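Under the authors' numbering, residues 66 to 287, 316 to 413, 627 to 866, 1164 to 1738 are what the sequence shown spells out, in order.
Ideal Cβ positions, reconstructed from N, Cα and C, are used throughout, including at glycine.
Take a look at the structure set out below.
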Amino acid sequence: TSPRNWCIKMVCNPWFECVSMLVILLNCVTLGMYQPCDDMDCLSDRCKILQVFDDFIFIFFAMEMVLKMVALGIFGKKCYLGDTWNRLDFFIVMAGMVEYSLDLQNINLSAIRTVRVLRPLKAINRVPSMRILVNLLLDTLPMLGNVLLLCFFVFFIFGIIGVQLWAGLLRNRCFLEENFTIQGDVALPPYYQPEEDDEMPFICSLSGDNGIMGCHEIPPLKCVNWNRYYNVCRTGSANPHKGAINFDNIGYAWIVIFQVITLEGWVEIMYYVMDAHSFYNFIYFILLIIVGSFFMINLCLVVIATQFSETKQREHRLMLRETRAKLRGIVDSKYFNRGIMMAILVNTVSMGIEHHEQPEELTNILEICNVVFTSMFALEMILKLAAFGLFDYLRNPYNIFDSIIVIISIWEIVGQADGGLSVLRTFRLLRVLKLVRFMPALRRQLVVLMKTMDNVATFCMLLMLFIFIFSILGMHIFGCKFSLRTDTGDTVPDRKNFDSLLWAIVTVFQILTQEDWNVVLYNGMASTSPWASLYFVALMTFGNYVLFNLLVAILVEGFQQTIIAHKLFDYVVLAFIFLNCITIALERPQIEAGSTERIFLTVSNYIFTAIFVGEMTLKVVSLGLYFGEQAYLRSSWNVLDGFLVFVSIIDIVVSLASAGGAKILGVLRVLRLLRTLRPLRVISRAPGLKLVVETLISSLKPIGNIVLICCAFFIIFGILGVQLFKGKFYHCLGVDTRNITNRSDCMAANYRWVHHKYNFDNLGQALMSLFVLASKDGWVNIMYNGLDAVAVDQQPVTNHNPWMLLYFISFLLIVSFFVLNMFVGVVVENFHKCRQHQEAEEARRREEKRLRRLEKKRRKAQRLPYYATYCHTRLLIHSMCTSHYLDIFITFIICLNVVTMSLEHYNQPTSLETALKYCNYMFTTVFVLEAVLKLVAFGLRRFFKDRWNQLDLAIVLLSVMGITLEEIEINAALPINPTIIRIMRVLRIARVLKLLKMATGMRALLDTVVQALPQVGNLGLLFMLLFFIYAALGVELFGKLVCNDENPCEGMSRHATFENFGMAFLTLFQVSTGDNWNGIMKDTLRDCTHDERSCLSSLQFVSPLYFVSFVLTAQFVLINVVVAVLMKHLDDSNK
Ligand SMILES: CC(C)CCC[C@@H](C)[C@H]1CC[C@H]2[C@@H]3CC=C4C[C@@H](OC(=O)CCC(=O)O)CC[C@]4(C)[C@H]3CC[C@]12C
Ligand SMILES: CC(C)CCC[C@@H](C)[C@H]1CC[C@H]2[C@@H]3CC=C4C[C@@H](OC(=O)CCC(=O)O)CC[C@]4(C)[C@H]3CC[C@]12C
Ligand SMILES: CC(C)CCC[C@@H](C)[C@H]1CC[C@H]2[C@@H]3CC=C4C[C@@H](OC(=O)CCC(=O)O)CC[C@]4(C)[C@H]3CC[C@]12C
Ligand SMILES: CCCCCCCCOc1ccccc1C(=O)Nc1ccc(C(=O)OCC[N+](C)(CC)CC)cc1
Ligand SMILES: *[C@@H]1O[C@H](CO)[C@@H](O)[C@H](O)[C@H]1NC(C)=O
Ligand SMILES: *[C@@H]1O[C@H](CO)[C@@H](O)[C@H](O)[C@H]1NC(C)=O
Ligand SMILES: [Ca+2]
Ligand SMILES: [Ca+2]
């Protein structure tokens, strides 16, 4: 119409979108200047100005809303409420108008104020790239519901188990004796807590409940030992972590299960439960880890990648001076370039030598060498423009880069006054990048990475917007509520706070890395309310398990002599090597000399070595060492066999040379380490492991270039970290550690001059610290030390240099990018192998696939006995009572069962317990009635043929068994121990399984998992073998590291120490999860107070190698497991 006409022109004018984006950005700026810790009710000039612009912004938003209203119409596809995002604009407009109106009525209620945060979310509409990305994301979300329902199953099952077992067990501490008589001066707490205000509680075990630690394990206090008086323990207090970790409700059990899904703080609560209830809850936690933290979030990744690929295809389917000549020959020689390459490489090596407490003369040689080098590059500069000319020089931009390098270098040389020596020193590292001009494959790899980054940019903006909105939300709801209680005269704010936008963004980034996020969860959820955990749940879920799976999908679909007896010999030797593994699993550093077991191990070693020598001799006489082709040593496995047997025999002869063992004990150590490597021939003696190792090594080469690039950035950032932090990683740990500036005052107060274990003194230490950072574990402490750094020999101060966030966060982002590139490279590499073999046999399967369709033609009607029950009193049962009409009632009763089992908690009222008993009775009645009606509906044939009514009968049988036993508790007919009653109550959870029949998508997804079990099973076997090797090796290396008060451990707390084989297998499992593994490796590399030679041994060289190798190998195996599942998923999708 005419009124629409005078306005519609501006609406589709792109300058309208431009000015809209300008006001959106101005609004984001105004939201970014919130200071909840200081902005108390807007009594400031800045607050007034910000409120004024907020009013102006609201005026403009209302104007644009109403104008697009009078230009599009209402309630129609073409109308204003046509886009999803226009409805959102409507919502912000109404919400802000309500907020303003309530401000008019003197009802502030800054809980409608927090709706501001959704205002930046309108910018998704005004960036068309963001519109497209978010549109595909939202259109692929609705197919994520299947894995969301699997998530619900694994949360509900484990939550019910937890609330049934450990409801209120977390609350019990060791209290004083009931009638405690004291002379006076009441100072004892009612119970025992080691650190002030329940920093680490002392959760006991009740009498009757066979826990582990039971109030007689209290460390005696060293006046009189007060801790011996804490005799009895009862279940009344607050429960740990400021009432945050418990199993009272089912909401709290969900919180704890979500904490162990993210693999953070897992072991601490595992030991909580072990102390409170029983030793055998590690089964619960291991199964929860394997099912949830590995087969849930990775199934989320698989489903999101596949669904995003499918959405990409779907929307795509809708569309479908004579020396100048002579001087050149030296230049383009392909050999002078190699000489200058050695020049640059030794320049890099020279830059790497520098370290802390560097000798006076060595650094002097370093500057001399730098001058020589830069003279060489300047000579190259002069030469290559003379024989070429200026324009020929400027043709290649690598020449521009080299010119910048040479000018920066020469400027740095002559700038020996100030400025140059401090920053142009940092620009020295750019000479390392010149190597890209020389490796041809690395040009191609970085070109591929730039091809990817063409599409990562829009995702980076979307992630930046997500982090901004969530940081502003955190500022609003967690502003100035994190203040730690006073310990030195004042309440210092927590480092992981929300007091300002910078700290909000860094803390949200930390949470997205899921490192120490549980600390922030506790500190914030105990401050506002227990419902505040929804903020972190929403943030972590949408970030890690939606947005990052989206990025992974973006990358993957942007890329896309005598006789021979050899019948049962291998199996007999396989049994023998298994027995060797069994006898390897006992060589703990605890059996005393001359033991009965020691003699057994020696004799077993002798016999096993003899048997393996016999095996080698038979193989070699069958083949010959290297006497011609197809000999013994022409396969890698056979070389490993010969190597192992030589190691064993040399170890035997050296052990028999024990007379005079001085200076050869190191040889003994090395040969014992190789004994621990020995249980490895299983790979050669098994087909599945051999093929899987071949597949691993085949899938490792293509990502070789990306691994090399990642190592190059590791070296570059290591040198940069050395430059930035030389001796700044020292701190004076003491009782005060306050009002002291430099270490001189530290020695005056005699506290200690402690040196952080993860520092940047050397370049090796820089590399170890950078690996710890890259593993996203313990990286927050390293970042804190970085920000605190001041200079060589004075105390670091809190947030001294907030500019190092750039270094420490850019490193994490770049390494994560390279790790995703490795993952996607592995996926596409496997995609080529699978696709080749797929087309042949699937076409061969399709020939037989249509035969099964012909088989269904036979299935038409084999005179089913539906009449046999007709007119036989089952006329209404077989047909009218077997359709979907009855299963909706049954699934409804199952849902009622679920919502009833979700009500038990600690100290539930007796009336609620009786109501639940009545509900359980009703559920038993309905299950029995359904089962009987089915049995009467059809004959006993399909009662077993269905493979499902069997499970239904099992559930009904357990339920009826349980209800009678609780009835036995009414008359007390026979005293039934509580164990069986509790077991059948907790087995009542099995009635959830009836939801599986209706969930066809769950069955399909879990099946698609199932036909991956060949590959997944062999990989799991190899993964367990990897644990076996590394566990034996860790027992031999680390078994003597004592863990006690004199040696304060950090990662090996109670059962994680490397003493025995199993107690080390547990800590290898924990390191595999990356939970405080950096703490474990800090524990291993530890100089002791001369109670052992190991602390003075070569541990510093070998423990980082041990842990780095283990973590990398474990992560690689898990990556390939996930890849195999993804491949079965895609292949199933194609058919
Ligand atoms: C889409 C949902 C699932 C995640 C998006 C996050 C927010 C929309 C939700 C999740 C967490 C919720 C918060 C959970 C805890 C709190 C603390 C709670 O604090 C108080 O009660 C203080 C007393 C008062 O203010 O009257 C107020 C509700 C609030 C802000 C909730 C506001 C709405 C939040 C931020
Ligand atoms: C001289 C005495 C008093 C101290 C011994 C020095 C060690 C503390 C330093 C010197 C060399 C350093 C090593 C230099 C090289 C590395 C490789 C590094 O491997 C990596 O993580 C980088 C490869 C990658 O992750 O991509 C592991 C740390 C390590 C073994 C360093 C461990 C610590 C070492 C042994
Ligand atoms: C089938 C193979 C491939 C894997 C199974 C081997 C291990 C899982 C088993 C076999 C040997 C067992 C170990 C045998 C010896 C020890 C030392 C043993 O220590 C004691 O007897 C002292 C305990 C005390 O003093 O109370 C504790 C069990 C433990 C760790 C066992 C842990 C579990 C082990 C390693
Ligand atoms: C220079 C351009 C930068 C472009 C941005 C790149 C985003 C960088 O990635 C982050 C950026 C900011 C904050 C956190 C992260 C991060 O890495 N999150 C996070 C992801 C996965 C997990 C996890 O366990 O799944 C395991 C998944 N793999 C593959 C195993 C299967 C191992 C990764 C935990 C945590
Ligand atoms: C530390 O220095 C401050 C500065 O005046 C002083 O007040 C205080 O007494 C000193 N000692 C301690 C333990 O704080
Ligand atoms: C160490 O700190 C004290 C305290 O201000 C200062 O007086 C002194 O100059 C500093 N440097 C030293 C002792 O080398
Ligand atoms: Ca972690
Ligand atoms: Ca951690």
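Alpha-carbon to alpha-carbon, residue j and residue i
| i | j | result |
| --- | --- | --- |
| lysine 1329 | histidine 661 | 7 angstroms |
| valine 1613 | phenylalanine 1630 | 24 angstroms |
| residue 516 | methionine 1219 | No coordinates exist for residue 516; the numbering of the chain passes from 413 to 627 with nothing in between. |
| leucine 1299 | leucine 861 | 21 angstroms |
| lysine 740 | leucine 91 | 42 angstroms |
| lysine 1685 | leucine 1568 | 53 angstroms |
| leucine 691 | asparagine 643 | 16 angstroms |
| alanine 1260 | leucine 1204 | 18 angstroms |
| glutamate 1445 | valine 1726 | 20 angstroms |
| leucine 413 | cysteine 1437 | 26 angstroms |
| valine 1296 | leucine 394 | 24 angstroms |
| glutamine 1441 | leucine 1609 | 22 angstroms |
| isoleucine 382 | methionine 208 | 25 angstroms |
| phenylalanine 1363 | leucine 727 | 20 angstroms |
| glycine 1565 | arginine 1588 | 7 angstroms |
Residue i, buried or exposed, once every other Cβ within 10 Å from all chains shown has been counted against 16
| i | result |
| --- | --- |
| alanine 763 | exposed |
| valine 812 | buried |
| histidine 1487 | exposed |
| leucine 853 | buried |
| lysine 1738 | exposed |
| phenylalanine 401 | buried |
| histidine 1435 | exposed |
| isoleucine 650 | buried |
| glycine 1428 | buried |
| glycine 1654 | buried |
| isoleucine 348 | buried |
| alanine 1557 | exposed |
| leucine 1729 | buried |
* Give every residue whose Cβ lies closer than 7 angstroms to any heavy atom of ligand 1, listed in chain order. => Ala176, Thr179, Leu779, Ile783, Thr834, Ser835, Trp837, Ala838, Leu840, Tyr841, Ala844
* Take every Cβ of the region 325-332, pair it with every Cβ of the region 264-280, and state whether three or more of those distances are shorter than 8 angstroms. => yes
* **Given 8 angstroms, three or more beta-carbon pairs between the region 1522-1530 and the region 1487-1500** => yes
* **Runs of beta strand (DSSP E) wholly within the region 1167-1252 (minimum 3 residues, chain order)** => none
* Asked: What residues sit near ligand 8, counting only those whose C-beta is closer than 7 angstroms to one of its heavy atoms, in chain order?
  -> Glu357, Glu821, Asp822, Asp1380, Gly1381, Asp1678, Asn1679
* Relative to ligand 5, what is the chain-ordered list of residues with a Cβ closer than 7 angstroms to any of its non-hydrogen atoms? -> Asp1339, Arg1341, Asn1342
* **Touching by the beta-carbon criterion (3+ pairs, under 8 angstroms), the region 774-788 and the region 98-106** => yes
* Asked: Touch check for the region 1302-1313 and the region 1193-1208: three-plus C-beta pairs under 8 angstroms?
  -> no
* Which full runs of the beta strand (DSSP E) of 3+ residues lie inside the region 321-398, going along the chain? -> none
* Taking three-plus beta-carbon pairs below 8 angstroms as touching, is the region 792-810 in contact with the region 835-851? -> no
* Taking three-plus beta-carbon pairs below 8 angstroms as touching, is the region 341-348 in contact with the region 241-257? -> no
* To do: Pair every Cβ in the region 1348-1368 with every Cβ in the region 1409-1424, then say whether three or more of these pairs are closer than 8 angstroms.
  => no
* Asked: Any chance the region 1396-1410 sits against the region 1374-1383, with 3 or more Cβ pairs inside 8 angstroms?
  -> no
* Which runs of the alpha helix (DSSP H) fall wholly inside the region 786-818 and span at least 4 residues, in chain order? -> 807-818
* **Validate contact between the region 1378-1397 and the region 1332-1347 using beta carbons, cut 8 angstroms, 3 pairs** => yes
* Minimum length 4: unbroken alpha helix (DSSP H) runs contained in the region 1603-1649 -> 1603-1613, 1616-1641
* Asked: Using the beta carbon as the reference atom, which residues fall closer than 6 angstroms to any heavy atom of ligand 6, ordered along the chain?
  -> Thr1344, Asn1345, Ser1347, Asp1348
* Asked: What are the complete alpha helix (DSSP H) segments, minimum 4 residues, inside the region 694-731?
  -> 696-701, 703-720
* Asked: Are three or more beta carbon pairs between the region 184-198 and the region 765-779 nearer than 8 angstroms?
  -> yes
* To do: Report yes or no: do three or more beta-carbon pairs, one from the region 1506-1513 and one from the region 1546-1555, lie closer than 8 angstroms?
  => no
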